[PDB]
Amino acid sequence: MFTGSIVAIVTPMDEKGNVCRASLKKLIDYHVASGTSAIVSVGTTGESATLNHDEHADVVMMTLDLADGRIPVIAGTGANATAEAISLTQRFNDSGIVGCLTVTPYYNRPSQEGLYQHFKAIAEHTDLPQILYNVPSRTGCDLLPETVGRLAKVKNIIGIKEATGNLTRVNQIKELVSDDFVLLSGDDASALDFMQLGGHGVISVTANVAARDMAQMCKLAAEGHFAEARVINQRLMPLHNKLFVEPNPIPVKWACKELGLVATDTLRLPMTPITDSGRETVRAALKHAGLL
């Protein structure tokens, strides 16, 4: 089930930049306790960009193991070469992950036909459920509703993580896909609006440090208690924004460390330690949300 508050979980690292298992276990336990619906392992927020495919796989398998059946795990499987997307997706075949989150090729800027071919080929080499992921500001590429429509016709392409923040997409996509195709926000600041328009949940950065509020907000939203959800949202909104005061996941990793959830806020270059001014910004926002 790909609904509700789904965390794009940080990959906690030791001071050397390698996965820290104690901190991962702790984060996973926190999400199990907190009511988080599922975990996305090595998405954008999990530093897919700076992990090689072996390291990437190690983190996913380790996340799966530690989740220990208590919470479903979705593997990030994006690559800008179709052959590499297939090959990464194959690692997780018959593994216990429940689906894949797969981003539009970045940098090489395919046509809509190229995007169609890319995702169709990936979905054909797998039985795993596929969630498409559109994030033009990172990729240089925009997966348009008409093409989500085409791809939704492939049996195991089952959802989209829509990160544009362009709310008109929720109903442009909905009208082109079956009732069971799932529409997830990839933008925390607009994700409650997204759900109010008919979206089914959010793949959240905010949920890393505010898992309980996020899960409650998404459940309120799903029950149509939009006014009640919005009280939570307005408490989380400074966070929704300030977790991007510097490049994700620089802010949210610091926040995790500040909350005692991870041992170190280490990232891999080209991500750099949070600035002193970033700290104070994110600290303010944690306080506003009643977490500090």
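Start at 1 and count along the sequence shown; that's the residue number.
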Problem set entry | Entry-level comparison of average CA B-factors, 280-288 and 5-13, reporting the higher stretch | 280-288
Exercise. Between 38-46 and 60-68, which has the higher average C-alpha B-factor in the PDB entry?
Worked result: 60-68
For this session: Tell me which of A81, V177, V170, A191 tops the list for C-alpha B factor in the record.
Result: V177
Exercise. Lowest, middle or highest third: where is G96 by C-alpha B factor in its chain?
Worked result: highest
Exercise. Where does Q234 sit by CA temperature factor within its chain: lowest, middle or highest third?
Worked result: highest
Problem set entry | Ranked against its chain, the third holding the CA B-factor of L269 | lowest
Seminar exercise, completed: Chain-relative C-alpha B factor for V252 (record values, thirds): the lowest
Exercise. What third of its chain's C-alpha B-factors does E146 belong to: lowest, middle or highest?
Worked result: middle
